[PDB]
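# Experimental structure and sequence below.
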Amino acid sequence: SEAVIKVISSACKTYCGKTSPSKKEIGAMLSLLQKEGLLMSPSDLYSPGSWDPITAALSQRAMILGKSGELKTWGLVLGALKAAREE
Ligand SMILES: O=P(O)(O)O[C@H]1[C@H](OP(=O)(O)O)[C@@H](OP(=O)(O)O)[C@H](OP(=O)(O)O)[C@@H](OP(=O)(O)O)[C@H]1OP(=O)(O)O
């Protein structure tokens, strides 16, 4: 995607600051969400209810395969979006 990623970058850096995820991480993780059939479009990230299955799926593959690559990026984006949705 293009716009969706930029929207996240300007948002996460407002909460996490310098501890925010890199654009390269977001862009790569987004494709993972689609390939896994978790989300149809990157814009689906605006749905807070859909965060539950995604987070669960990520933690599952992380504890089973031993890879938290997408989990690390998701955790940051999730936290930023969660805080934003709380306001
Ligand atoms: O030119 P800008 O409007 O200031 O945006 C850039 C650009 O991001 P986009 O390609 O999504 O517009 C950089 O991407 P690249 O040119 O390196 O491919 C990205 O760098 P990273 O992908 O390595 O994160 C950088 O972010 P940063 O300044 O944290 O290095 C980010 O700048 P902004 O985050 O301030 O928009």
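Alright, I've got the coordinates. Numbers count the residues shown, from 1 in each chain.

# When you work out contacts or count neighbours from here on, use the C-alpha atoms and nothing else.
Fine.

# where do the helices sit along the protein?
3-12, 23-35, 51-65, 69-85 (DSSP state H).

# I'd like the ones you listed laid out as CSV, including distance to residue 45.
Below are the helices of the chain laid out as CSV (distance: least, Cα to Cα, whole Å):
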stretch, distance to residue 45
helix 3-12, 9
helix 23-35, 9
helix 51-65, 8
helix 69-85, 9
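
# Any idea which of the ones you listed gets closest to residue 41?
In terms of Cα to Cα, the element of the helices of the chain nearest to residue 41 is helix 23-35, at 7.0 Å.

# what sits up against that closest one?
If you take Cα atoms under 8 Å, 6 or more residues apart in numbering as the criterion, helix 23-35 is touched by 1, 5, 6, 9, 39, 40, 41, 42, 70, 73, 74.

# show me what contacts the fourth one?
If I follow you right, that is residue 9. Residue 9 touches 20, 21, 23, counting by Cα under 8 Å, 6+ apart.

# got a list of what residue 51 touches?
Shown in contact with residue 51 (Cα under 8 Å, 6+ apart): 45, 78.

# Hmm, residue 76 is touching residue 17, no?
No - using Cα atoms under 8 Å, residue 76 is not in contact with residue 17; the gap is 10.7 Å.

# Return the distance of the residue sitting furthest away from the middle of the chain relative to the ligand.
The centre of the chain is farthest from one residue, residue 64, which by Cα atoms, centre = their mean lies 19.6 Å away. In this view, residue 64 and the ligand are 29 Å apart by Cα to the nearest ligand atom, to the nearest Å.

# same deal with residue 17?
Distance from residue 17 to the ligand, counting by Cα to the nearest ligand atom: 10 Å.

# Over to residue 16?
Distance, residue 16 to the ligand, by Cα to the nearest ligand atom: 12 Å.

# Distance from the chain centre to stretch 80-87, please.
Distance, stretch centre to chain centre, for stretch 80-87: 13 Å (Cα atoms, centre = their mean, to the nearest Å).

# picking up where we left off before, among the contacts of residue 9, name the buried ones.
Using 16 or more other Cα atoms under 10 Å as the burial test, the contacts of residue 9 include 20, 21 as buried.
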